[PDB]
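Structure 1 and structure 2 below are the same protein chain in two forms, each given by itself as C-alpha cells.
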Structure 1
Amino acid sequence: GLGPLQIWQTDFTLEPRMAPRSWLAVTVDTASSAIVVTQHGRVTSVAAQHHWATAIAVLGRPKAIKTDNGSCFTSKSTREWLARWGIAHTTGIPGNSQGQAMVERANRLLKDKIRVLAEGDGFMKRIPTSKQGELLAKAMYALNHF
C-alpha cells in the first residue's frame, strides 16, 4: 500500500462576500490537495463538526486532522466528536508552517476564486444570499476539478 497517507489540515477564514454566513471552514487533504469548503454563520465547536461531517462524506474518513489551537478545535465537545470517529487530532500554532501552511494557501486560493467568479456575475460586493451556495460549489469544483 505504497500510496499516500490520509491527513487533513483545517481552518476557518472570513469572507464578507458570503455574509451573513461569512465564515468558511476549509479542509485540505494534504496528500491529494483536495479542498472541501462549507459556509457557516459563526465559528463554534459545532460548526467545525458539521464541516468535518461534510468533508468525511466527500473524501472519506481520514487518519488525522491538523488544526491550530483554536477553542472550537480544542473544546471537550470537538475532542469527543473526533474520538467518536477515531480520527487522531494534532494541534498547532495559528500559522504553524508545520501544519497550517497548505490550508492558509488554500484560504487565499478560495477567496481569489470567489471574487473572480462573483465579479463575472456582476457582484462587486456581497453575493446575493440565494446565489451563494452554487457559487461556493463552483469555486470548489474549479479548485479541485481544474
Structure 2
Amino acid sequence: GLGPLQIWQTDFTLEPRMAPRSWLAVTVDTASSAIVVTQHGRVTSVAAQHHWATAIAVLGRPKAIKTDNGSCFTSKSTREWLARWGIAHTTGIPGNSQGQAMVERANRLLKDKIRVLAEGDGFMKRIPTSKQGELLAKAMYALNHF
C-alpha cells in the first residue's frame, strides 16, 4: 500500500496559563496530522523523553522524529534514548527552509484552544492547577477528533 511515512515533528512551547508546569511538549504526526501534548515544569532531555514515551503509547513507534536544535533534543542522553528505541532523529532541511512549520502551527492552535476553553470556564489568567490536566486533554481531543 502507498501512504505517508511515519515521521513526527516535536517542539516545546511556553504557556504561562498552565504554570507551574507551563512547558508544553507538542508532537505532530505528519502522516495522520494527529497531535499529542504533555506538560512539563522544565525543558530538559528527560522531559522530551517522557513526552515521546507517552506519544509512542498513543501513536505507536515512528520511523523518525524531526526537531530543532534545542539542547534537550541534541544531548547525549536524548541521542541514546532514541537509539534505544531505534528511532532516527533528524532536523530541518536547508534551502531557506525553516524549522518545522506543521508543529509551529499546532503550537498556535493549541494555545488558542487552551485560551478559549479556559475563558469559557471563567479562568481569565492562570488555570487552577487541579483543573489543568482535564483542560489540556480537552484541548487535545478538540484538535484531533471531530
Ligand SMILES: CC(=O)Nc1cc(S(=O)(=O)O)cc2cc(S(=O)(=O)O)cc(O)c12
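If you superpose the two forms and keep the largest set of C-alpha atoms that fall within 1.5 Å, you have the rigid core. One-based numbering along structure 1's sequence throughout. Only residues modelled in both forms are compared.
Only structure 2 comes from the form deposited with this ligand bound. Only one of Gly60, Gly41, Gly95, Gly86 has its C-alpha shifted by 2 Å or more between the two structures once the core is superposed, and that residue is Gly95.
The two forms, fitted on their core, place the C-alpha of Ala31 1.2 Å apart, compared between the two structures. In the core-superposed comparison between the two structures, the CA atom of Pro16 travels 0.3 Å.
Fitting the two forms on their rigid core shows CA movement of 2 Å or more between the two structures over just one run of at least three residues, at 91-99.
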